[PDB]
Structure formats: C-alpha cells, structure tokens
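Encoded as structure tokens, the following chain is the form deposited in one PDB entry, with no partner shown.
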C-alpha cells in the first residue's frame, strides 16, 4: 500500500509500505529515500507519535494515510 509522509522541509514523501511494517522499518525507508538518521526522525499520525516498537497496523494506518515526519536535531 501507499502512504504519505509530510515532512516539514517542503518534501511530501510517498512510501510503499505494508501493514506489518514496523516504525523503525518505516524510518529506515525514509533514510533510504531522504538520508535522514532514524534517531533524528519522529513519526506522527493523528497528532500522536509512533513508537519504534509497533507496526503500522497497531495504529490503524491504512493505505493513503498521511504521516508527519518531525526531526529531532540535538
């Protein structure tokens, strides 16, 4: 299925993912397309952060859902 990740940097990333995919796994997909460390990534859905331990289906993330990627540069 297809999902959108709205980064705040002017790029809306289109990702092909599975409901079984894990966040850590989605953050990895982001890194491959946009070269951002997964430690710096914060994935948000419906206004709440997604834990690296869960799958997309744990948050009812369906096809053509929209995530928001916030960065944590420290």
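Heads up, when I say rigid core I mean the largest set of C-alphas that superpose within 1.5 Å between the two forms. Numbering follows the first chain given and starts at 1.
- Between stretches 46-54 and 7-15, the one whose Cα atoms sit farther from the displayed model in 5 other deposited structures of this protein on average is 7-15 (core-aligned, root mean square).
- Between 43-51 and 30-38, the higher mean Cα B-factor belongs to 30-38.
- When the modelled residues of the chain are ordered by their C-alpha B factor, residue 8 lands in the highest third.
- Ranked by C-alpha B-factor against the other modelled residues of its chain, residue 64 falls in the lowest third.
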